[PDB]
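*Asks:* I would like to see how this sequence folds:
(4 chains)
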Amino acid sequence: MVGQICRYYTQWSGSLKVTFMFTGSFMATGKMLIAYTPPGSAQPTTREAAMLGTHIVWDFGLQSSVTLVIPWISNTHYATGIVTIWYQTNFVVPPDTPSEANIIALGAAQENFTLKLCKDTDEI
Amino acid sequence: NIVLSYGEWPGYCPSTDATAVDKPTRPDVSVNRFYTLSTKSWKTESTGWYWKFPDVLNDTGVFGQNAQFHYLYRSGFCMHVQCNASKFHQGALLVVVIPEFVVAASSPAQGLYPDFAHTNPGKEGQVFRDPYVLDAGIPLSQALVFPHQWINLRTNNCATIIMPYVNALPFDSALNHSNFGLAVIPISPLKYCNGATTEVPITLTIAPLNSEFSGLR
Amino acid sequence: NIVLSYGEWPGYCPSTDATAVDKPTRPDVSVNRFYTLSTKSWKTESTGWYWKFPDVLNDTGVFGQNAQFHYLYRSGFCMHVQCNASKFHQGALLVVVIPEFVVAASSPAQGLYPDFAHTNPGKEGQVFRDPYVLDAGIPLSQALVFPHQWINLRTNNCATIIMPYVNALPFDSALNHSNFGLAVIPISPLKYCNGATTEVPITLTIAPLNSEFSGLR
Amino acid sequence: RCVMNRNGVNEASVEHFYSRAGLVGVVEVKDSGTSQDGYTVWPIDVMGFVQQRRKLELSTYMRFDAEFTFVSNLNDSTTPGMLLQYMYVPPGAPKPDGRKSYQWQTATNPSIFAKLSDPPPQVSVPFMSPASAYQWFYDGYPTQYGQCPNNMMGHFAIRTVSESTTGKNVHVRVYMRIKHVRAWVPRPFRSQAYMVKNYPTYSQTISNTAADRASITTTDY
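*Replies:* Numbering: from 1, shown residues only, chains lettered A, B, ... in the order given. What follows is the structure:
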């Protein structure tokens, strides 16, 4: 919804919110490293490099969902960061449990997001 | 735990000019009870289901009697969606309440108009043809602006949504206008290993809230 | 829950004659953060792993920069050892902090001197050759005099040990002296049945505590 | 049959555990046959014998004062009026090169002049390390692995105060008593045989800590 509304405007700034939902078995466990790279740098090449920047280590067996907050993005008439998801650990399951699962990523704006110069959308 | 749609508790309609001369009927537990629909089998290839309200209860019990034999109707709903899955089952369901859920037809690239079985599926409900666009040309990804609850099989197996009466009119015809649609869409498909039950039951329980009827025929 | 080594909370060193003339650098969250090492695969035939401190963080992030470009160093550590095992996995790990962990060589009955890869294994750590004698000629059974925590897969999957700075000197060289070793030794070997994941991940997370540096080059 | 009472706590203290004067070295001052040196330089080693090395290695850091006693006699146990010089060479001081080298006259090297007929000479060496304690285990490099030079306690150079060879060998039994001992960070007792003097090195033939029995259900060995 934030992606669709931003196309009706020319300039926006503020903090975003990304939520990850793990939808594997209750018995499935493991760790993902969720890393945010600010707009300056490129995509990290290794999990070791991603661990040095802003990151979250996410355990499936403890929390089904984690919220990542991007401190600031902006656009003008893109200067955007990058989110990378790394395999911190192997995907671990007991026997008779599916070894494949899915992550659902949700996106939203924070209370400090704003929009400037209303502009017709190019979607339609 | 309980999703209150639009932060609005269902309630009886304020004084109306039409309802002042003849006070509307407010039925009790006899009508406002729990109705348990037929269970839906969630399978790997399932695309999801939707129900129209109050079309789902229009031919069921005393509520169906009041709905058919009254000219005007107004009610909120308390809907419970429950799953019966083992801890060895995985999948995610989205339970969404869509006000004025107008179902679109799909024209081959010519059916431009959905049939009565799709617009008014009854108590059995209808399966989605294109859950990606909610069968209405609007993206499923943005369907979270509507009141909704997630059913992630690894965290929770039940969802409760309380939907108040939402209409441009204080009353309307139950038999020919559906106030909202309730859609259950598997986002993450059901997965399991050999020897588990191949389907996850999905049970919809409905309780009318503050039902009002006018002009008994 | 948390093992405090020798009942001593890490803290900043008291006033020193050398540090009075030039006050030592005390870095903040930029240095004192969580470092997550590469995960270790616990298998049935695994003998265990050990890491040297602060050798493990000597070429990693801002802490590695301070360690390499400062003459003197002093810091406590908060170490988290986590496992990702199912309830159908069994095994026991001993997590032990060994101060001045001098690794011995094994002479065939002649390597009497361990190589640099064993004394300073780096961030990847080293596998034990003889976990029964801890690769240092001292019995594993008596290694519980050192600060330790059990990881029994049926009760707990994580261990936390807080190790303060322990040395005969208030400061020392990070690059050529290891204050302590962290060893993870499977006492009860990992067992599982066919169809389970054949390895249990072991993750070591390290947080430097009250890091101090002196004489920036 | 059975000790009904408790034995007290005095003898279980670290102070008592590391106490009593013990033999740390047998120094031979050879002056006859093929070896007419007439002097010996003995490095002060608290861990000369395995029994004392194992007891000291129960600790990681240890601070103490050492009292040394020299028990000296000839081959046939006789103690005539021969005059001996016991020089303490502090850590980082030159050692004697011969019977009449100039280091025997250095004033900063404390000396004991005693006769073999005298009761044994005794002297206290203080805590000598540049660190706050002696390190029995140093996990690092000086700049060999694990060789900390902060545990140098000095040298005992012993000679007979004589002009030419006397033809008599003097056996000096060095006894050391640890005093005011403080120990830090307990360690497991060594379970493997020592291979070398300064390393934790052990043979690949690993000995079991516990003696074997026939079965886990029998109580007879």
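
*Asks:* wait, a helix at residue B:202?
*Replies:* No - secondary structure assignment (DSSP: H, G, I helix; E, B strand; the rest coil) places residue B:202 in strand, not in a helix.

*Asks:* what's the neighbour count on the residue lying closest to it once chain neighbours are set aside?
*Replies:* In space, and not counting its chain neighbours, residue B:202 is closest to residue B:40: 4.3 Å by C-beta to C-beta, 6 or more residues apart in numbering or on different chains. From N, CA and C alone the C-beta is placed, and that goes for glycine too. Applying other C-beta atoms under 10 Å in any protein chain shown, we find 22 other residues in the vicinity of residue B:40.

*Asks:* what of residue D:10?
*Replies:* 8.

*Asks:* skipping adjacent residues, who's closest to it in space?
*Replies:* residue D:16 is the one closest to residue D:10 (C-beta to C-beta, 6+ apart), at 6.2 Å.

*Asks:* show me what the helix or strand that contains that neighbour is packed against.
*Replies:* Assigned by DSSP states H and E, residue D:16 belongs to helix D:14-17. Applying 3 or more C-beta pairs under 8 Å, 6 or more residues apart in numbering or on different chains; DSSP states H and E, one finds that helix D:14-17 contacts strand D:170-184.

*Asks:* in the strand it packs on, what's buried?
*Replies:* D:170, D:172, D:174, D:175, D:176, D:177, D:178, D:179, D:181, D:183, D:184 (16 or more other C-beta atoms under 10 Å in any protein chain shown).

*Asks:* burial of the spatially closest residue to the fifth one that is not a sequence neighbour, as a residue count?
*Replies:* Leaving aside its sequence neighbours, residue D:176 sits nearest to residue D:24 (C-beta to C-beta, 6+ apart; 4.4 Å). The local packing of residue D:24 (other C-beta under 10 Å) involves 20 other residues.

*Asks:* spit out the contact partners of residue D:24.
*Replies:* D:44, D:45, D:46, D:48, D:49, D:52, D:174, D:175, D:176 (C-beta atoms under 8 Å, 6 or more residues apart in numbering or on different chains).

*Asks:* that one belongs to a strand?
*Replies:* Yes - assessed by three-state DSSP, residue D:24 belongs to a strand.

*Asks:* which non-adjacent residue is nearest residue B:69?
*Replies:* Per C-beta to C-beta, 6+ apart, closest to residue B:69 is residue B:217, 5.0 Å.

*Asks:* what kind of secondary structure is the closest residue to residue B:191 other than its chain neighbours in?
*Replies:* Of all residues beyond its chain neighbours, the one nearest residue B:191 is residue A:98 (4.3 Å), with distances taken as C-beta to C-beta, 6+ apart. When classified by three-state DSSP, residue A:98 comes out as coil.

*Asks:* list the contacts of residue A:98.
*Replies:* So residue A:98 contacts A:24, A:25, A:28, B:90, B:191, B:192, B:193 (C-beta under 8 Å, 6+ apart).

*Asks:* and the helices in chain B?
*Replies:* Counting by DSSP state H, chain B has helices at residues B:17-21, B:61-68, B:116-119.

*Asks:* for chain D, which of these is the nearest?
*Replies:* helix B:61-68 (70.3 Å; C-beta to the nearest C-beta).

*Asks:* may I see the buried residues of the closest one?
*Replies:* Buried residues in helix B:61-68 (16+ other C-beta under 10 Å): B:63, B:64, B:66, B:67.

*Asks:* quick check: the third one touching residue B:213?
*Replies:* Yes - with contact defined as C-beta atoms under 8 Å, residue B:66 counts as touching residue B:213 (5.0 Å).

*Asks:* which ones are touching residue A:7?
*Replies:* Contact analysis of residue A:7 by C-beta under 8 Å, 6+ apart lists A:121, A:122, A:123.

*Asks:* same check on residue D:94?
*Replies:* Counting by C-beta under 8 Å, 6+ apart, the residues that residue D:94 touches are D:103, D:106.

*Asks:* that one: helix or strand, and which one exactly?
*Replies:* Residue-wise, residue D:94 maps onto no helix or strand under DSSP H and E.

*Asks:* and residue D:63, by the same measure?
*Replies:* strand D:61-73.

*Asks:* give me the contacts around the helix or strand following that strand.
*Replies:* Note on strand D:61-73: by DSSP H and E, the next helix or strand toward the C-terminus is strand D:83-89. Outside strand D:83-89, the residues that touch it by C-beta under 8 Å, 6+ apart are D:29, D:41, D:70, D:72, D:95-96, D:103-104, D:109-116, D:121, D:123, D:125, D:154-162, D:170.

*Asks:* burial measure for residue A:106, as a count.
*Replies:* Other residues close to residue A:106 by other C-beta under 10 Å number 14.

*Asks:* check residue A:51 too.
*Replies:* What residue A:51 shows, counting by other C-beta under 10 Å, is a neighbour count of 23.

*Asks:* surely it is in a strand?
*Replies:* No - counting by three-state DSSP, residue A:51 is not found in a strand; it is helix.

*Asks:* need the contact list for it.
*Replies:* A:33, A:35, C:35, C:36.

*Asks:* for residue B:114, same thing?
*Replies:* B:103, B:104, B:105.

*Asks:* closest residue of chain D to chain B?
*Replies:* residue D:216 (37.7 Å).

*Asks:* my guess is residue B:192 meets residue B:89, correct?
*Replies:* Yes - Residue B:192 lies in contact with residue B:89 (C-beta under 8 Å); the separation is 5.1 Å.

*Asks:* what's the closest of the contacts of residue D:24 to chain C?
*Replies:* Of those, the one sitting nearest to chain C (C-beta to the nearest C-beta) turns out to be residue D:46, at 15.6 Å.

*Asks:* leaving out the residues flanking it, which one is nearest to the spatially most central residue of chain B?
*Replies:* What sits nearest the mean C-alpha location of chain B, by C-alpha atoms, centre = their mean, is residue B:182, with 2.8 Å. The shortest distance from residue B:182 to any non-neighbouring residue, by C-beta to C-beta, 6+ apart, is to residue B:51 (4.8 Å).

*Asks:* you'd agree that neighbour is up against residue B:127?
*Replies:* No - counting by C-beta under 8 Å, residue B:51 stays clear of residue B:127, with 11.4 Å between them.

*Asks:* which of the two has more neighbours?
*Replies:* residue B:51 (26 against 14).

*Asks:* how close does that one sit to residue B:38?
*Replies:* For residue B:51, the distance to residue B:38 (C-beta to C-beta, to the nearest Å) stands at 11 Å.

*Asks:* geometric centre of chain A: which residue is closest?
*Replies:* So for chain A, C-alpha atoms, centre = their mean, it's residue A:18, sitting 4.6 Å from the centre.

*Asks:* contact partners for it?
*Replies:* Residue A:18 touches A:67, A:68, A:69, A:70, A:83, A:105, A:106, A:107, counting by C-beta under 8 Å, 6+ apart.

*Asks:* in the helix or strand harbouring it, which residues are buried?
*Replies:* Taking DSSP H and E as the criterion, residue A:18 maps to strand A:9-22. Using 16+ other C-beta under 10 Å as the test for burial, strand A:9-22 gives A:12, A:14, A:16, A:17, A:18, A:20, A:21, A:22.

*Asks:* any idea which of those is closest to chain C?
*Replies:* When the buried residues of strand A:9-22 are compared against chain C (criterion: C-beta to the nearest C-beta), the nearest one is residue A:22, at 13.0 Å.

*Asks:* any idea how far residue B:4 is from the closest one?
*Replies:* Residue A:22 is 27 Å from residue B:4, by C-beta to C-beta.
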